[PDB]
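Asker: Everything below, folded, please.
(2 chains, ligands or ions: 1)
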Amino acid sequence: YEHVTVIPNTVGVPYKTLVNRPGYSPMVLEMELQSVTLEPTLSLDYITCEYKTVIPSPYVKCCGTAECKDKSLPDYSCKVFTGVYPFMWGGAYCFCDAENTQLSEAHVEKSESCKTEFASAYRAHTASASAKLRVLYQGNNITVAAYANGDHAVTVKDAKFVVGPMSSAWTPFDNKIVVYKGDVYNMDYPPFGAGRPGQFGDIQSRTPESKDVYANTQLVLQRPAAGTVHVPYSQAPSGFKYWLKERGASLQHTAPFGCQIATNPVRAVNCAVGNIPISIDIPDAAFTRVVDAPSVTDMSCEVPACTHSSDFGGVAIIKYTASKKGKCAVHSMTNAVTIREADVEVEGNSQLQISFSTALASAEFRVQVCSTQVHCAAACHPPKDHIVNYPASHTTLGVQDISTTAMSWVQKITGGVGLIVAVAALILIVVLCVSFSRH
Amino acid sequence: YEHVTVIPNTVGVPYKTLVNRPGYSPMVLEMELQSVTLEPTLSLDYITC
Ligand SMILES: *[C@@H]1O[C@H](CO)[C@@H](O)[C@H](O)[C@H]1NC(C)=O
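Answerer: Numbers count the residues shown, from 1 in each chain, chains lettered A, B, ... in the order given. You can find the structure just below:
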């Protein structure tokens, strides 16, 4: 047998789905979402890290002049100066008072630290869904894992489960993302080869190991301090290290629906959006012919007390009489109320208790068991607490709601005098019809 | 659970107060006044003999 259902995309909220098959006892299964993972694409746009500035020993000269020869290196720069008269510990370096010259040059390269610490920019666009389910089958909890895209089919305990596709294509991610060691950020990185100094992307590297790099750091030299031998540099401050200082809030806090985000691999998990379709092919072995199930008769219901709450605040006692000892499923056919229990053993002329959750001020509903219906009417009361920690979406109430006793009040209010006014209009128009024929 | 009540200021007369809580069996408590003491201020104006 094949059964298809749909459930809200929520985690930790048990769901009852009643599959019925003529000629056999109908059975209701409990399905729970352990977690749902969304794996986005991974197109590594590039990486970046802190840079090291290499400035070899400056070239000094006397009574002669140096010269700049271009170097095919990133952001390589050079300069010359004249008239410098450096002094060392033992005295002047050389005699030429002003005929001397100084040549300096520098460049910037990647740091070995990049091999361990860095920030990587990807252009992830799409994603795939995988999920974990817990199912109450034959009186035991069973775990299943499958891709929640409507394609993956999984066989367990002789039954075939298919999940997905996700109703909503929404994702918390973005086309372009930047990832640190364990943090993710939605942020539009500058295009490769156009890094703006002092900002993210100031140095661009294709891979942590690729020797080729790109840089933009305005490396300008300056005239050295008089009387000293040294090289000054106007090295641009590293925007990469700085961006780590102003990273801002991570996406695990800014993600709508709070989809928890992990790494290695990067996934977004546990966000409630849309719903999921599930198709279950269940072999008939689990199915039991109706004759096998014990009968039921003399059904009475009572509610000693009930309390509409996020928990199972409602308790109902039912008196039942059955043919023989045996298991029997229990369900509520009204979505406004949910029942924690799935089935129960029935011996005969006995009673039982059931714990349920509702949201109506007055709970008036039918309950199905052993292919029989029993009414239940009660007046719940508001609990004391206004907010709770654990989640509970079972007790969902639409705009339609039970006015309870006040229902009668509005039923009494609905009475109007339109009938009498129409009667008066008819009477006047007829007594006029003596003179009013067809106008 | 919190319950508030008021009882006449009298001694030796038992009082029944029924506290009820939905979802549980209501319970009625017996409260009796053994005695009530009023201690006034003490500002010794003076003494004599
Ligand atoms: C299934 O999970 C529920 C959750 O609390 C647990 O109480 C129960 O013992 C588990 N096993 C079953 C229902 O067989």
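Asker: So what's the residue count around the closest residue to residue A:248 other than its chain neighbours?
Answerer: Leaving out its chain neighbours, the residue that sits closest to residue A:248 by C-beta to C-beta, 6 or more residues apart in numbering or on different chains is residue A:185, at 7.5 Å. Yep, even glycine has a C-beta here, placed from its N, CA and C like the rest. Here the count is done by other C-beta atoms under 10 Å in any protein chain shown, and residue A:185 has 21 residues near it.
Asker: and the gap between residue A:185 and residue A:243?
Answerer: 10 Å (C-beta to C-beta, to the nearest Å).
Asker: do residue A:126 as well
Answerer: The spacing between residue A:126 and residue A:243, counted by C-beta to C-beta, is 27 Å.
Asker: same thing with residue A:122?
Answerer: In this structure, residue A:122 and residue A:243 are separated by 16 Å, where distance is defined by C-beta to C-beta.
Asker: and what of residue A:305?
Answerer: Residue A:305 sits at a distance of 60 Å from residue A:243 (criterion: C-beta to C-beta).
Asker: got it, and residue A:420?
Answerer: Distance, residue A:420 to residue A:243, using C-beta to C-beta: 79 Å.
Asker: If you count surrounding residues, which of these two has more?
Answerer: Under the neighbour definition other C-beta under 10 Å, residue A:420 and residue A:243 were set side by side, and residue A:243 has more, 21 against 9.
Asker: and residue A:303, how many neighbours?
Answerer: Tallying neighbours of residue A:303 according to other C-beta under 10 Å, which is how burial is gauged here, yields 17.
Asker: send the alpha carbons of the one helix or strand it maps to over as PDB?
Answerer: Under the criterion of DSSP states H and E, residue A:303 resides in strand A:296-305. Coordinates of each C-alpha in strand A:296-305 appear next as PDB, following Å, rounded to 0.1, in the frame of the first residue of the first chain:
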ATOM      1  CA  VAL A 296     -15.500  -2.000  20.500                       C
ATOM      2  CA  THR A 297     -18.800  -1.100  22.000                       C
ATOM      3  CA  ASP A 298     -20.400   1.000  24.800                       C
ATOM      4  CA  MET A 299     -18.300   4.100  24.300                       C
ATOM      5  CA  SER A 300     -18.500   6.900  26.800                       C
ATOM      6  CA  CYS A 301     -16.300   9.900  27.200                       C
ATOM      7  CA  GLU A 302     -15.600  12.300  30.000                       C
ATOM      8  CA  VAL A 303     -13.200  15.100  30.800                       C
ATOM      9  CA  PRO A 304     -12.500  15.600  34.500                       C
ATOM     10  CA  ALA A 305     -10.500  18.700  33.600                       C
END
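Asker: which parts of chain A sit against chain B?
Answerer: For chain A, the contact set with chain B under C-beta under 8 Å from any C-beta of the partner chain comprises A:305-307, A:313, A:315, A:381.
Asker: Please give me every residue in contact with the closest residue to residue A:405 other than its chain neighbours.
Answerer: With C-beta to C-beta, 6+ apart as the measure, residue A:362 is the residue that lies nearest to residue A:405, at 7.7 Å, once sequence neighbours are left out. With contact taken as C-beta atoms under 8 Å, 6 or more residues apart in numbering or on different chains, residue A:362 is in contact with A:377-380, A:402, A:404-405.
Asker: Can you flag which of those belong to helices?
Answerer: Using DSSP state H to define helices, the subset of those located there is residue A:405.
Asker: Closest to the ligand out of the contacts of residue A:362?
Answerer: Nearest to the ligand out of the contacts of residue A:362 is residue A:380 (C-beta to the nearest ligand atom; 24.5 Å).
Asker: longest strand in chain A, by residue count?
Answerer: Longest strand in chain A by number of residues, with DSSP state E as the criterion: strand A:27-40.
Asker: touching the ligand at all, it?
Answerer: No - using C-beta under 6 Å from any ligand atom as the criterion, no contacts between strand A:27-40 and the ligand are found, and the smallest distance is 8.1 Å.
Asker: which other helices and strands contact the following helix or strand past that strand?
Answerer: Read in the C-terminal direction, the helix or strand following strand A:27-40 is strand A:44-48, with elements assigned using DSSP H and E. Under the contact criterion of 3 or more C-beta pairs under 8 Å, 6 or more residues apart in numbering or on different chains; DSSP states H and E, the helices and strands touching strand A:44-48 comprise strand A:119-122, strand A:203-205.
Asker: Going by neighbour count, list what's buried in the shortest one.
Answerer: By neighbour count on 16 or more other C-beta atoms under 10 Å in any protein chain shown, the buried set for strand A:203-205 is A:203-205.
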